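Next up: just one chain, as structure tokens, the form deposited in one PDB entry.
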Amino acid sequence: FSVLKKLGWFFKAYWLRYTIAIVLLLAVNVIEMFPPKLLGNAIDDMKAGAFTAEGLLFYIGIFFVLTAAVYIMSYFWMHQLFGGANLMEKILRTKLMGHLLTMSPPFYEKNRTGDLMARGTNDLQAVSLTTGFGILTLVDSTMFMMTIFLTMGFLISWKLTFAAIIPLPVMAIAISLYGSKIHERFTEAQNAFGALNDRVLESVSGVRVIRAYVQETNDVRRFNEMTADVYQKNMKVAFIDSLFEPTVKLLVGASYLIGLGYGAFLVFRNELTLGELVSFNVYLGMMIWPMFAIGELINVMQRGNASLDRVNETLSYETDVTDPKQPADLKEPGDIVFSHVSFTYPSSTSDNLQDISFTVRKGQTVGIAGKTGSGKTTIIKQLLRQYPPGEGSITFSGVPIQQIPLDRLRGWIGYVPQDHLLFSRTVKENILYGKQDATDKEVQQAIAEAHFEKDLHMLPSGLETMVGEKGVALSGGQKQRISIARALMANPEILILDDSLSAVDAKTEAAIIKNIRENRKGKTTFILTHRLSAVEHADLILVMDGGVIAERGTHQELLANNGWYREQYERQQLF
């Protein structure tokens, strides 16, 4: 099977468990075959009055021992087989999460966050049944079928056994075709689960927008359409799933008629003994169950093949940014010099950065300004290594950025995103992301360097205030100051303030800027702002116009160069 060939990696790791399970299963088969013969012997001995007192105390004891043995060994092999299915879920979930944690935005642009969740909570459930109930049914039905085939071939006859088997190949081909189609149908249906998850997420993450504009009616209708689409793709699987039972029943009933007819003909020609045919009919009656078992098996295996295929598709996404195999032993970054950097985003077609070249010397504070959609944050992202490296080069003290392990580089850089990102924890927990093993005094210092003590006094529980999901239980400026404290906690070599003063009033903005000027003295800083009062201290100011540095220099020359910088300066201060 494709699913088993794909799970061979796990089956090899866990071989003793399944070996024990199979051995116990075969043993249980035999130890269950015995009770029928024992009871038959007991009843036969009860006929002529030969059943004595010893017979009772022997039959009762042997039946009790048989019951206890079957119970214990069955418990054990069901523990081993099914117990190995849960390990499927655990291992696959761990692998999936560990893969997601090392994935860059380019991966997340293509893969929706609703689809991924369905790939770790539902696909695993589909795949789990393959190694548990799937393996049990396979081996159990195979042993039962082989026992029926062998007993009919040695006890009764061979011609009859080869007679009531002709239907079986046709059943095999039919079930194989149905499984092949059900694989595609179930792959299509499973994706409709990710779409439903995404639809539910969007209607929840953006509830405020929907309710403010009164789009509830147009939101319920879209969800109803999505549910109808999901239902349609489920029926396309039902139309094939329902064919597994009728086919098996028909092609076993044909076997029954063939066997009975051939047996009657052989009896008429005097090849049978008239007691062989009754036993043969009894044996034929048993054949039905393994066929239903194999049909259910083929149905289940394909249900897990599609989900495993999706999980493997997720897990086979090579990293966009690769940690160097032979890194550089650089300890601290001295000079960040861009040289003819040309970078275009994956989904774009126009060069977002075009021939960028500037130098940031150790300790210098660099400001980047420009109209909306110019490329300011693209440089910061070039430093952060979120997307595959573009052209040109970015050398950290003469060593290209590529030949530096991501852990060290990330430790160097303290990032403040332009879009606030917070988790559902206490304020202190969020602030400690920069330095988990940090004393309360360090947190207090970081807070006081972001002009946030007054808010802490104002807040209900102070540092122990649970911020709602995404921080919805805080003001925008409070989120910004929490992010600034997070960045400043680690005391990063390079501090990236990407529009970190946007919802911070004017007094709070002045205070934070003064603190930064007195905190990053002699350290590297990238300040991105639309207000030009936060870049007055910068040694190098870069004006970005459509992916190209239109102007450069400090405040004085940019003022003396007229153009965009002087225009904005005059419109922002002389007002």
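Only the largest set of C-alpha atoms that superpose within 1.5 Å between the two forms is called the rigid core. The first residue of the sequence shown is number 1, and the count goes up from there.
Unshown form deposited in another entry; subsequent notes refer to it.
TODO: After fitting the rigid core, tell me which of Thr372, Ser348, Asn312, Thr217 has its Cα displaced by at least 2 Å between the shown form and the other one.
DONE: The displaced C-alpha is that of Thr217.
TODO: Spell out whether the Cα of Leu250 moves at least 2 Å between the shown form and the other one when the two forms are superposed on their rigid core.
DONE: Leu250 C-alpha, core-superposed: shift of 2 Å or more.
Open item on the list: Rigid core superposed, CA of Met97 - does it shift 2 Å or more between the shown form and the other one?
Closed with: No; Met97 is a residue whose C-alpha shifts by less than 2 Å between the shown form and the other one when the cores are overlaid.
TODO: Establish whether a shift of 2 Å or more occurs at the C-alpha of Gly398 between the shown form and the other one, with the two forms superposed on the rigid core.
DONE: Comparing forms between the shown form and the other one, the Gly398 CA shifts below 2 Å.
Open item on the list: With a change of at least 3 Å, which way does the C-alpha separation between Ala192 and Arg310 go in the other form: closer or farther?
Closed with: Compared with the form shown here, the C-alpha atoms of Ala192 and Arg310 sit farther apart in the other form, by 3 Å or more.
Task: Comparison of CA distance in the other form with shown form for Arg185, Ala306, at least 3 Å - done: Relative to the displayed form, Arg185 and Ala306 move farther apart in the other form - a change of at least 3 Å between their C-alphas.
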